[PDB]
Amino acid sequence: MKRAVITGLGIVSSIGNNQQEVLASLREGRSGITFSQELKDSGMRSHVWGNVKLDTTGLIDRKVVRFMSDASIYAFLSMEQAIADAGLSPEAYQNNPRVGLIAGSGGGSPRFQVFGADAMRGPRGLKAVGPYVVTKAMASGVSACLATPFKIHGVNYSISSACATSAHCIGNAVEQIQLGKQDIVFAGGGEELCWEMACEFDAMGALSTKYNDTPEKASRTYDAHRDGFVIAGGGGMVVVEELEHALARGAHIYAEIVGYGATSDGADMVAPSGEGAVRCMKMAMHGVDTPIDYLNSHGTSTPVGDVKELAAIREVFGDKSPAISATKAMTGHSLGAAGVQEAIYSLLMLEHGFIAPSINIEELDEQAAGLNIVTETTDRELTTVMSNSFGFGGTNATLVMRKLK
């Protein structure tokens, strides 16, 4: 079926507000994690987060931003970046039935849902709620708030799958290209960062709490004393495009999406099964005739998750030794935004010929032995890379990206 390539990207993350800043951070092994007075004041045990360090004031026109929560703001700015990076102008991507948008968040906007309820219960009631809460807080906010101002006429919806959300968005976009239904699909996602959402993760015991005095050390995938993930916010967007369309306009092509896995554990609600991830990686590799050179693991820095993913990798690859690194040790876990952001990190590694380090491994977990886990920035000519994303509910996604020719 039709071939799908990535012709542009955009990103707003804890480790940079565009792809140049992100690339520099990845090369440096730079942490995006800071101390959060907001989280501490809410009463949480985790006081660290991967925050977007950007003043978004006035970056989006009034009539457009009035509808938006932070997830949509981050995604919109990422999409602006990706459009420019792809070389596309309005006559090409606007009012075009062959151009679509698939982009999601894991949680919508907990902040604005709580704002709405608080305003309704306040002394001014309905008049304090205002008319913009539904578009901010609805699950499809990220797609709705972007498809409308960018004049998208093709597909328009959100995929949501917890921490796999934006990976499934990319995979779905590839399917649209494969089915011949669209020439271009903008795919990715966003996630807000706020105590309203983060405290529920703390109440599960899922967040790091032992390292608040040293925030850059708290996210530490594969370290023996990891104690949960560091929550993060941000956005990302990639331009998924049919190959011949891209070639005909002289597009810059980062990579071909040569594999997409999507599977289900059917087992535990919050812990991975392993065989689900194995099937997902294998699905993404079916028909790919080159080895995986680099694997961006989902690797969130939880006791429960990190090593289960490694065992799955061992089963998939055996004696082959794909280089592995967990960029969340630098970036934190941006939830619904994580998949697209990690796809972008992997594309940058592919495009610029290096492996970003898996940082903060002070004592390697005993069960993480025997794998090529890269802990120092390593220059290398990569050809094929893989990125895993998994989520609560046993949902799994894998993307495989490969240089063209």
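Don't overthink the numbering: it's just position in the shown sequence, from 1.
Q: Could you check the entry and say whether 195-203 or 232-240 has the higher mean CA B-factor?
A: Averaging CA B-factors over each stretch, the winner is 195-203.
Q.
Comparing average C-alpha B factors as deposited, tell me which of 130-138 and 282-290 sits higher.
A. Taking the mean C-alpha B-factor of 130-138 and of 282-290, the larger value falls to 282-290.
Q) Of the choices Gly188, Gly107, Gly261, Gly332, which one's C-alpha carries the largest B-factor in the record? A) Of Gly188, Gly107, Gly261, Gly332, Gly107 has the highest C-alpha B-factor.
Q | Residue of maximum C-alpha B factor among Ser36, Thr57, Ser69, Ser346, per deposited coordinates | A | In the PDB entry, the greatest C-alpha B-factor among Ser36, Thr57, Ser69, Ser346 is found at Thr57.
Q) In terms of the CA temperature factor given in the entry, to which third of its chain does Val340 belong: lowest, middle or highest? A) It belongs to the lowest third of the chain when residues are ordered by C-alpha B-factor.
Q. Is the Cα B-factor recorded for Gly87 in the lowest, middle or highest third of its chain?
A. Its C-alpha B-factor, which the entry lists for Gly87, ranks in the lowest third among residues of this chain.
Q: Pull the Cα B-factor of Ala311 out of the PDB entry and bin it into the chain's lowest, middle or highest third.
A: Highest third of the chain for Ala311's C-alpha B-factor.
Q) Comparing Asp183 with the other modelled residues of its chain, is its CA B-factor in the lowest, middle or highest third? A) According to the entry, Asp183 has a C-alpha B-factor in the chain's lowest third.
Q: Would you mind checking where the Cα B-factor of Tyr211 ranks among the modelled residues of its chain, as the lowest, middle or highest third?
A: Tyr211: CA B-factor falls in the highest third of its chain.
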